[PDB]
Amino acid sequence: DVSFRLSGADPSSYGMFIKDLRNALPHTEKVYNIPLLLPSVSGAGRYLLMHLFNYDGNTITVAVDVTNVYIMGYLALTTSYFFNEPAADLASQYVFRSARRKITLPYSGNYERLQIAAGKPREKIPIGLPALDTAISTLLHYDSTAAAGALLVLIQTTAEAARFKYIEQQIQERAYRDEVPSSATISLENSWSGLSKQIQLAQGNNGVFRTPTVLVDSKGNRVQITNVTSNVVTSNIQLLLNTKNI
């Protein structure tokens, strides 16, 4: 399992958490020195448990599929909560079975559905350590609309930060003050599967992407990524989604 405590949290302790999260994900191979997530894992070993504590020490446990860093559901006291999608239903066969009751959330876990449920896009939701403290607190008691925004915060501050050093750094900058994600952050999130695929295809293609990936940079400028010498590949992405899952 991995854990993170908001009480006394700072950029260092958050960085330790994101490091633990990355290190908890199994891989047998690296592609261009980036860990390649597994095609599949059987049984309960597919799921990592993340124990998150709000500033008051209240806790939820979040189940993450280790092949794709997708959050499947979470346990808050004696109630489990899962996304309304087949991968999450499957997960509910393995994790939090000791919950007194199971609630299936009235949406799947994808960004489009969550934004619809929350009534706002990711672009308008501040993120940061305080936002994560809020998110944990919201998830403690069921409120589906509130939970959708909380989950948008949770996904970006855990999974997305694990995937991209830039996103981890963005959250560290927001340790004590939330701010909406940069356009670059949103771009990276949206591009993880594409980048993972192209980095894998570049092996066999002399480091060259079969298809360029378009990203927004730190300056808000749209840029084309065409090969593995790009800073996004050498110095940003930390985990690759396996092409078998794309």
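All residue numbers are counted from 1 along the displayed sequence.
Mean CA temperature factor is higher for 27-35 when stretches 173-181 and 27-35 are set side by side in the entry. Per-stretch averaging of Cα B factors for 77-85 and 117-125 places 117-125 on top.
Per the PDB record, residue ranking by Cα B-factor puts residue 218 in the highest third of the chain.
The deposited CA B-factor of residue 71 belongs to the lowest third of values across its chain.
Compared with the other modelled residues of the chain, the Cα B-factor recorded for residue 108 ranks in the middle third. Among all modelled residues in its chain, residue 61 ranks in the lowest third by Cα B-factor. For residue 52, the recorded CA B-factor ranks within the lowest third of the chain. Only modelled residues enter the ranking.
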